[PDB]
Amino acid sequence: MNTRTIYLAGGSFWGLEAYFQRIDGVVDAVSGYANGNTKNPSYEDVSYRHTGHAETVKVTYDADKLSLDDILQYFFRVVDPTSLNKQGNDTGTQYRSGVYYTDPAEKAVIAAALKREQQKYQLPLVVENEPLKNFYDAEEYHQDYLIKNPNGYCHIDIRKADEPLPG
């Protein structure tokens, strides 16, 4: 398989992970902590010590089935790109919205996508578009959280992932 990876931050990684895991073309989704100032942070560090990390989902997708653009469109369906450090009740910099890339050629792709998304929003978009500085896997307890606990905390509607994309 020809795969690619992209890092997405859009609030609680429980809902976001579950969301991307149900999309045909997504090979994997790992919840972790990205672009922080500390190394190997625990949930407690990120949540209370202000290590600066953002709850992020590492998404691996079939580069032959989906484009980075498709992934971004899916992402825009469940993330409010206009709220600063807040998605639902999850408030704090650890829930900031952002797209982190490992390839510099993707910055222009992400920026262009954000510009198109901005066309349909009256309020200014506040989604970060930055390189993946650092990524650290969240505790195993957090992996496949909603698959293990179907009635677990989730404020995004994962059924939006079933709706097809243009053409």
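The first residue of the shown sequence is 1; numbering continues from there.
Q: If you average the CA temperature factors over each stretch, which comes out higher, 152-160 or 18-26?
A: The stretch with the larger mean CA B-factor is 152-160.
Q: So 108-116 or 38-46, which one's hotter by mean CA B-factor in the entry?
A: Here the higher of the two C-alpha B-factor means belongs to 38-46.
Q: Of the options 126, 99, 54, 63, which has the highest CA B factor as deposited?
A: Of the candidates given, the C-alpha B-factor peaks at 63.
Q: Where does residue 95 sit by CA temperature factor within its chain: lowest, middle or highest third?
A: CA B-factor rank for residue 95: lowest third.
Q: For the chain shown, is the CA B-factor of residue 141 in the lowest, middle or highest third of its modelled residues?
A: For residue 141, whose C-alpha B-factor we compare with every modelled residue in the chain, the answer is the highest third.
Q: How does residue 82 rank on Cα B-factor within its chain, lowest, middle or highest third?
A: Lowest third - that is where residue 82 ends up once the chain's C-alpha B-factors are sorted.
Q: Split into thirds by Cα B-factor across the chain's modelled residues, where does residue 74 land: lowest, middle or highest?
A: Lowest third of the chain for residue 74's C-alpha B-factor.
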